[PDB]
Amino acid sequence: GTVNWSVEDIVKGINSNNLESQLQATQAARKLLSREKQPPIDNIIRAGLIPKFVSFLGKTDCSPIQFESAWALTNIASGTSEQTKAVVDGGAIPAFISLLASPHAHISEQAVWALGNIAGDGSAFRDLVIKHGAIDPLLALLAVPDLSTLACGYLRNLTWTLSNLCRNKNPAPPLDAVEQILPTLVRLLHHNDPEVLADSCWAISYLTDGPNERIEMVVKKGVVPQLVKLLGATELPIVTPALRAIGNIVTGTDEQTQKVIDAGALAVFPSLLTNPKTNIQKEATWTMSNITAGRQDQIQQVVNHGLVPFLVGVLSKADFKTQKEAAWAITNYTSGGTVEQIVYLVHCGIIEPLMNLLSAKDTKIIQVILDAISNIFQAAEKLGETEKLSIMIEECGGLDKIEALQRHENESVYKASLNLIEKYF
Amino acid sequence: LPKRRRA
Amino acid sequence: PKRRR
């Protein structure tokens, strides 16, 4: 009946003076916009249909046309920024917010979805949706004693839309909006649906991606233990944002990092640092690098959890981007660590894989490794065991690499190399 | 993730 | 020496 209409026919129906003809044409547009391949979004926009769709959102008397026009506009808004803008420019934002209070669940859900796409476009539209007052009615839909009574698809859509209100920076979302949303986010983070958990973690990862004050707003809510639990989930779509959030948190103060350690996070890293998904190993190693940039007692916990051999492992064999994070973890470790801690690193076999990476065609990692070697020598001086270290470096082919780096096409590289040779070799 | 089309 | 994103 409404399958594969031309845009011309859709226009004719929508321009008819007949609400039922309008409904059928709107449904025809929804089906076009919902097809698997290449929905004709620009053709619909060019036909001038958005303002009509927007006016149909207000037809309380005809719930089906509210639904079809909400779905059509959702799909237009799912496109490029320019396509999303066309929807906003038609006055869709307050019209969708009004539909949040609809007695028809499928309609309120579609309005949730549409606002998710609008907010998802970026900071400006996110903040505009917030200024039109979306947060109160969105949160009201979740004000039930038990989230399990809500339809699953419905809850997933709400969680996703709330995550887009938390998303993006320059600027970050308004502080008052974040405070308003957080208690519901905390509740969603404890829900048992894998998709809700994933999107809740994404939201938290967005909120902790910023300065220490933003991190603190989240940590103060007491979510770190739950994040660490999710860090151990079997589902990769949960582990990914949980790990990102944890990694963000440890970029904060030492006290914020300590909450992550206190919550048991380090016990998960044997698995994360050997995870078959390269992006998990990379993010886990980056996270370690920010833990080893912490206090000596925090470095000590890394030691106690047996994580130094795992860092040696990643340095020895991993995707290059991961090996680079490992190099950072080592340099941070060697900068902040005690002599005994630094010695331990050598006993775990750090020297040979460090030296092997000096043959890398990346100027930054070389500088990073050179700094580590310097820091390790410094601890060796305090023990009068410089020569023993020099031999280790010589035996594994390290001296050949450092000596060659004196003739390197970079000032900082050459200087650090020549200094090492003309002081220990 | 940031935008979703309803199929 | 923390490094953000």
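Let me begin by describing the structure that accompanies this report. (Residues numbered from 1 in each chain as written, not as in the entry; some residues may be left out. Chains lettered and ligands numbered in written order. Heavy atoms only, no water. Residues with missing side-chain atoms left out of burial classes, pairs and counts.)

### Overview of the packing of aromatic side chains
The description of an aromatic ring pair rests on the distance of the ring centres and on the angle between the ring planes.
Part 1 of the argument: Counting across every chain of the model gives four aromatic pairs over all chains.
Part 2 of the argument: An aromatic cluster is defined as three or more aromatic residues linked by ring pairs; in this entry it consists of A:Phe377, A:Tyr424 and A:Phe425.
Part 3 of the argument: A cation sits over an aromatic face here: B:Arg6 above A:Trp71, 4.2 Å from the ring centre. (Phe/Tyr/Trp six-rings, centres within 6.5 Å; stacked < 30°, edge-to-face > 60°. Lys NZ or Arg CZ within 6 Å of the ring centre and 35° of its normal.)

### Remarks on the packing of helix α11 (residues 152-166) of chain A against helix α13 (residues 194-207) of chain A
To describe two helices that pack against each other, one gives the angle between their axes and the distance between the axes.
Residue and element names in this part refer to chain A.
Part 1 of the argument: In the contact formed by α11 and α13, the axes pass within 8 Å of each other and the chain directions differ by 10°. As the angle between them shows, α11 and α13 are arranged roughly parallel. The residues of α13 that touch α11, namely those facing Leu155, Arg156, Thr159, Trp160, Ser163 and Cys166, are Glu195, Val196, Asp199, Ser200, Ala203, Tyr206 and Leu207.
Part 2 of the argument: Per-class residue counts for the contact of α11 with α13 are seven nonpolar, three polar and three charged. (Axes fitted to C-alpha atoms, helices over the stretch in contact; angles between N-to-C directions. Helix = DSSP H or I, 4+ residues; strand = E, 2+ residues; numbered from the N terminus. Parallel < 35°, antiparallel > 145°, perpendicular 65-115°, else oblique. Contact = heavy atoms within 4.5 Å. Nonpolar A, V, L, I, M, F, W, Y, C, P; charged D, E, K, R; others polar.)

### Brief notes about the pattern of salt bridges
Residues and elements named next belong to chain A.
Part 1 of the argument: For the structure on display, the rule yields 13 salt bridges over all chains.
Part 2 of the argument: A salt bridge links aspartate 193 to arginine 156, with the nearest nitrogen and oxygen atoms 2.8 Å apart. One end of the pair, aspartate 193, is in the loop between α12 (175-188) and α13; the other, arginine 156, is in helix α11, with 37 residues separating them in the sequence.
Part 3 of the argument: Across the pair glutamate 381 and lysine 423 runs a salt bridge, and its minimum N-O distance is 2.7 Å. Linking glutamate 381 in helix α25 (residues 363-381) with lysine 423 in helix α28 (residues 411-424), this pair joins segments that are 42 residues apart in sequence.
Part 4 of the argument: Given the relative accessible area of 37%, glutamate 381 is considered partly exposed.
Part 5 of the argument: Given a relative accessible area of 47%, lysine 423 falls into the partly exposed group.
Part 6 of the argument: Connected via shared salt-bridge partners are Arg156, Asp193 and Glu195. (Salt bridge = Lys/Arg side-chain N within 4 Å of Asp/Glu carboxyl O. Buried < 20%, exposed > 50% of the residue type's maximum accessible area, 1.4 Å probe, protein only.)

### Quick notes on the interface of chain B and chain A
Part 1 of the argument: The interface of chain B with chain A comprises seven residues on the first partner and 28 residues on the second.
Part 2 of the argument: A per-class count over the side of chain B that touches chain A returns three nonpolar, no polar and four charged.

### Regarding the interface of chain C and chain A
Part 1 of the argument: Listed per partner, the contact involves five residues of chain C and 21 residues of chain A.
Part 2 of the argument: Summed over both partners, the interface of chain C with chain A comes to about 1,100 Å²; 39% of that surface belongs to carbon and sulfur atoms.
Part 3 of the argument: Inspection of the region where chain C meets chain A yields two salt bridges.
Part 4 of the argument: With a closest N to O distance of 2.4 Å, C:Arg3 and A:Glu325 form a salt bridge.
Part 5 of the argument: Where chain C touches chain A, the interface holds twelve residue pairs in polar contact. (Buried area = accessible area lost by both parts, 1.4 Å probe. Polar contact = N/O pair within 3.5 Å; in protein donor to acceptor, adjacent residues only side chain to side chain.)

### Brief notes about the nonpolar core
Residues and elements named next belong to chain A.
Part 1 of the argument: In this structure, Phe53, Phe96, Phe269 and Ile350 are the most contacted members of the largest nonpolar core, which totals 150 residues.
Part 2 of the argument: Counting residues per element, this core draws most heavily on α25, which supplies eleven residues.
Part 3 of the argument: Those residues in contact with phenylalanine 269 that lie beyond four places of it in its chain are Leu231, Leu243, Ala284, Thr287, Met288 and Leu307. (Core = buried A, V, L, I, M, F, W, Y, C linked by side-chain atoms within 4.5 Å.)

### Considerations on the packing of α25(A) against α28(A)
All names here are of chain A.
Part 1 of the argument: Between α25 and α28, the least distance of the axes is 10 Å, while the angle of their chain directions is 25°. When the interaxial angle is binned, α25 and α28 end up roughly parallel. Where α25 crosses over α28, the two elements pack in a sense that is left-handed. Of α28, the residues touching α25 (which contributes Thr363, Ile366, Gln367, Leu370, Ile373, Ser374, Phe377, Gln378 and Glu381) are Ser412, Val413, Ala416, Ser417, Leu420, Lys423 and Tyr424.
Part 2 of the argument: For the contact of α25 with α28, the residue count by class is eight nonpolar, six polar and two charged. (Left-handed = near helix turned anticlockwise from the far one by under 90°.)

### Quick look at the environment of A:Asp319
Part 1 of the argument: Inspection of the secondary structure assignment puts A:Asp319 in the loop between α21 (307-316) and α22 (320-336).
Part 2 of the argument: As for A:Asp319 and A:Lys229, which are separated by 90 residues in sequence, their C-alpha atoms are 27 Å apart.

### Here's the deal with the environment of A:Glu179
Residues and elements named next belong to chain A.
Part 1 of the argument: Along the chain, the position of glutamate 179 falls in helix α12.
Part 2 of the argument: For the pair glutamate 179 and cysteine 152, spaced 27 residues apart in sequence, the C-alpha separation works out to 25 Å.
Part 3 of the argument: With residues up to four places along the chain from it excluded, the contact list for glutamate 179 reads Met217 and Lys221.

### A look at unusual backbone geometry
Residue and element names in this part refer to chain A.
Part 1 of the argument: With omega at 0°, the peptide bond leading from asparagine 170 into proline 171 counts as cis.
Part 2 of the argument: Here the phi dihedral of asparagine 4 falls at roughly 50°; this positive angle occurs in a residue that is not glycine.
Part 3 of the argument: By the secondary structure assignment, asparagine 4 is in the segment before α1 (7-14).
Part 4 of the argument: Although it is not a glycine, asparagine 170 adopts a positive phi angle of roughly 50°.
Part 5 of the argument: The topology assignment puts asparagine 170 in the loop between α11 and α12.

Geometric descriptors of this kind do not, in isolation, establish any biological role.
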